[PDB]
RNA sequence: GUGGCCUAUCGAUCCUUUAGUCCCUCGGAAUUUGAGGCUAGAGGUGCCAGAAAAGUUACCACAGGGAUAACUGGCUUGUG
RNA sequence: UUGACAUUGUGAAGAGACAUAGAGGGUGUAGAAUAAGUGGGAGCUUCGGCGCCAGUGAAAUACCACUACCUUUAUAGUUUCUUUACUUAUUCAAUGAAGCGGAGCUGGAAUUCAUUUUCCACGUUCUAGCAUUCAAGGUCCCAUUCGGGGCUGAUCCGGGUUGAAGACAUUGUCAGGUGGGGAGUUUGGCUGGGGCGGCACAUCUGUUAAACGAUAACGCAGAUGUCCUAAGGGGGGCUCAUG
RNA sequence: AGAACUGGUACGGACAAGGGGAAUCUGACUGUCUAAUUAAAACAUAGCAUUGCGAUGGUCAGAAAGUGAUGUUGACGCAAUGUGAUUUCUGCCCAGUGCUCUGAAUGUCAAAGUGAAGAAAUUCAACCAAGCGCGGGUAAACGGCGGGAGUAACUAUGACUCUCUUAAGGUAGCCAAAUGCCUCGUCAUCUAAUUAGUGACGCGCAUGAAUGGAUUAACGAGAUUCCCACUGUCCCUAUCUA
RNA sequence: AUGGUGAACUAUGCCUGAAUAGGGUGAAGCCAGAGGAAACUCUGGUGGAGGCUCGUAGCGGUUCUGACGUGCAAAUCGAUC
RNA sequence: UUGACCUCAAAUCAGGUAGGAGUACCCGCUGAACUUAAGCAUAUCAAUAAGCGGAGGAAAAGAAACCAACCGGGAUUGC
C-alpha cells in the first residue's frame, strides 16, 4: 500500500520515512519489484539495483524479467546529451511523436533524478569528454588513453556506466 | 462427440514420420576416454545443409578406435570454418576458434554445440539440458554451472559436455517477415503439421464454450486451467500477464 | 347454580427425539445394555380428519387437430 | 492433485509445544508490602499463631474454585520435521561391459621439521596429405623352420565399464474438493402460445428493512393464536345516556 | 515497313474471341468445402500480440506398463486461441465473474495414528495435508468506457467545487529567410561607397490544408445506382427452315 | 445398449509416377552511348523473373432460373462465366 | 600349477505332450440397455441377452467345523 498511495510532499516525507524503513528474502523482493514497477510507471536506480539483485539470484519474479526483456542505453545516450549540455531540446527530441515536434515547437522544466535536476538548473542559470566519446562508441580507446595519461586512484582502478555513476 | 482440434494426437497416421527430406539424427557416436576430460578432436568437411530449416550439417565420420570402420555420421556443422578444419580442443593444450570443451574447463563466454547435458554418455537418457554450445558464462564453483538465457529461465547443472564452438545462420530468418507468401503446407510438411491455428466465429456454433454465437465476441475466459479438465483445453493455459513489449530497451 | 341473555370456544400418518410399565423381544438353554411395538408429547405444511413437481435449446424425424384442449385486453376503441 | 500405515532396513540422530500430581514471580499511584476483573467474611487440627490487630482507605492480607501461566526438569514413549558414506529389492541409454576410479615401480611445479599424511598426470591438436591385421624391438621352446605356443609390452583388486539418483519414484482398496470429454435423467397449466432477474401475499407502533413508495417471514425484546384471578353465580337496594 | 493498280466506299469477309468507363458500403488478390436447393461479407495464407516451456517438466491418445506421435526438434524449434496486406492499429481504470500463485497456513479441516470413561459396542475434544477465505498481476481473454477524487451518517443520498482529450457561428502556422522570376524599386540598420548581408508589411509564378466530430490503390462469378454506344423487350402484331 | 465386420467413390497425412495450346505487360543483375567533381540520374537490346493478366483440356458447376423430373440421368445435355 | 554333488542351458534319436469346430444341458470369472415405475436416482428386469476359454460323456455340488431343542439327528441333487 506504500507505493500504492505513494503514487506527494507528505509523500516523500513519510516516503523516505518508511523508505529507509523497508530499506535475502524475495517476497519483499518482488514486492519492491511491482513497487518500482508502477513507480517508473507513473528504486529506479534502486530499481535496476534489485534488478542485478535477482540477476545474481514461474510467477512474478519471472514475468517481471520477461517484461524487462520484452539509465541503461538510454543512460549512455542522454549521457552524451547532458554531456555537451553542461558543456538541448533538439538532442532530447532526437533521443525520444507528433508531440515530439509539438515540443520541437520552466515549461520543459516540469516537463521532463539528481542528474536531471542539476542539468535543468544549470541550463536555466545559463539561459571526461574522453568518457564521452567512449560510451559513445580502438581509435576511441586511442584518444581514450590519450587524454588518459594526458580520486584518480579509484579512477585508474559499461564499466564506464558504473563510472559515470560514481562521477 | 464433437471434439476440438487439440485432441487429435491419438491415431498414428497424420502425425507420424513426414520427413523423407531429411537424413539422420545429430547425437554423437560411441563415447570413450577421449570424448571427455583429456583430449577430443572433431572434424567437418562436407557441410551439407540441414534439411527442413536453416542450418549446416557435416559428415563427421570418426575412424572407430575399436574396429576398422568409418560409419558415415551426419552431425551438426558450424559457420566460420571452410571445407575442412579439424578441431584444436585440448584440455592439457590450449584453446582457439571453434573448439569442443566441457562447461568447466573454460571461462565465461563459451557458445558450444548441442549434444547432451549429462557428464557424457552418447545422448544422455535425458535432454532437459542446453540446446548446444549456446552458453555464456559458467561457474568455477566445483562441477556446478549456472547458465542463463534471455528466454527467462535459470538452470544449475554439471560442467561436462561435448559441444563445439560455432554459429548457425538462423538469426535474421525469423527477423525478416515471410514476404512472398504461399507457406503453410510445404511449410510444415516437415515433421508433422501445426500451423492451422484456426478460427471461425461460427466454426462450431450450438457449442462454443469460449463464447461466440452469431457475433464476434467471446464469453468464458480462454485461460484453461492446467489441472482441472483435459477436455476443455482450447486456447490459453495458465495465464498471468498481458502487455506490449516496445522496441526501446535501455532497462535496468 | 356441568359458566357469561343468545351467537364466537379444532393442530394427520410415516421418519427423528423424549418420558412412562419391570412386562414383551432377547429367534444355540440361561444372564447383563440393546435399533424395531402398545400408551402418552413436541416439531415440518391454517389446500378444512387440514400430503402438489421444476425454472437453458426454432439444430431433425414419426405418430396428430375445425372446441389451436390451454380459463375476461401484452395494442387501437361505437351514439362527442 | 493431497495424506497415514504397509511395501522397506537401521537408531551414534541439531533445535520445540503435550496427554496425572508438588515449590519458584503475580511488583500501576498511595499504604514500608505479593489489595491480580468477580465471589466467599464465622472458619479448618481447637492448649497455643491469624479470627476484625493500629496509620491510610473505592477494593485489606489462612481457607475446597471459572486463571490470562515470563523461564526449566520430569518413568515405559511420541504422527509429520534438513542431514555425508556403506544399500543382495524397482526403473535404466549404450551393450562388440573399450583402455575407468582408489591403491601401486616413477617426473615437474609450490616451501623446509624429516616423506610423500594432500591437489593437475595415464597414445590424434597447422591442412580429407598420412594411419589396422595375435603392435616395430628383447628373454624363454619341437632344430637350424617361408609357421605356431607363455610372460613383459598391456602388472592387480573391484565385476557397481565412460554417465542421473536413491531405502528416492511408479501400481491397488482409502472423507471431501478441480472437470458436461462421455453416458443417463430432467420440460402440467401461469400476460388469447411462449418471450429479464429475484420470488420480500395475511398480525398496532419502533426495530427487523440498504432513508420522502412499497415491502412478507409459526425470527429477536413486553404483551399477543383478542378480553377475565370476579365483568362468575345468588339476595336486597337503586333505575341509565342525550336534550 | 514503305511506294502502285483494281471492285460492291469492298478490307481479322465463315469459324475462334475481354461490351466498356466513372462512385459508396463490405472485403486484400491467388487456393479449398457444403456428393443432391445456399460459391458468400466464412475459413486459410503474409504481419502483429498474449499464455505455456530446463528432460526427475508439460500437452495428446489408451484399461495399464518397460506401448506410440509431438521428438531426424533445443529458446532459431516445439502445442493450443484470437486477429488476417502495408499506412492506420487502447486516453484512463483491476472492486465483481476466470486463470496463475516460489505472496499469506492453524478460522475450518475426514480416516488411520494419538488422548478419557468403559469387562464392551455406539458416540467421541484437540493436532495435520489439500481445497475454500484474503491480496496482487492479467480485460489485443470475456466487461465497463459523458472517466478517475475530496467533502459533520459508523456503512445507505452524491448537491456544490476542482482536474482531464465533457466548450455550436470556421481566426491552424511560416512568409525578400536556401524556397520572391518579376526586383540593382519602398521602409529600417551600417557606410565615402557596397547590385551582397540583417530587420516589417503586401497579391506566395513553384510553401502548408498540424491538431478535430466514424481512412484506401490494384484485383473481382458478392450487392445497389448512373451515363455513352448498341438493341423489334415493350409500344404492337405477323411470316420462314431443320 | 451389447456382440462383429470394410477404404475401388469422397475427405486428410506420408511415400512411389505420368501429364499441363498459343501471347501481351518485361522485375534484379550485366553490356553500349550521353550528362555530372563525387556518393549518381535515363533511353535503346539480351536475359523472362511472378502465390500475375487473357484463354482450351484437366480441375471447377455461379449466371441464361430452359428442356426433363408417373425416376432419358437414384441429379443430365447445350450455351455462358 | 590339477578330477565330483546342487542351481542355471543347448538337438533333426527311442519313448511323450501342446494350439480347435460342433456344442442341448451344466460350471468358474468379468460385464449393459429397453418394459413397469402416485415425476427423476434406489430398486425390479438381472448373479440376464450376446461373446470367450477349459474339463467331462452327464456337469456342478455332495460321505459333515452340516441340520435341531426333539421321540436326539444319519451324505448330495431334483419332482
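So for chain B, numbering is Swiss-Prot's, and the shown residues are 2-253, in order.
The backbone N, Cα and C atoms fix where each Cβ goes, and this holds for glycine too.
Look at Swiss-Prot and you will find B:46, B:93, B:119, B:145 tagged as ubiquitin cross-link. Look at Swiss-Prot and you will find B:52, B:95, B:159, B:160, B:249 tagged as phosphoserine, backed by a large-scale study or a structure entry.
Fewest other C-beta atoms within 10 Å: among the modified residues B:159, B:160, B:249, that description fits B:249.
Using residue B:159 (phosphoserine) as the reference Cα, a 10 A cut-off selects B:119 from the recorded positions B:46, B:52, B:93, B:95, B:119, B:249.
Comparing local CB density within 10 A for the recorded sites B:93, B:145, the maximum falls on B:145. Across the fold, the C-alpha of residue B:145 (ubiquitin cross-link) and the C-alpha of residue B:52 (phosphoserine) stand 35 Å from each other. In the set B:46, B:52, B:119, B:160, B:249, none of the recorded positions has a C-alpha within 10 Å of the C-alpha of residue B:95 (phosphoserine). Between the CA atoms of residue B:119 (ubiquitin cross-link) and residue B:249 (phosphoserine) there is a gap of 39 Å, rounded to the nearest whole number. Taking only the Cα positions, the spacing between residue B:52 (phosphoserine) and residue B:93 (ubiquitin cross-link) is 37 angstrom.
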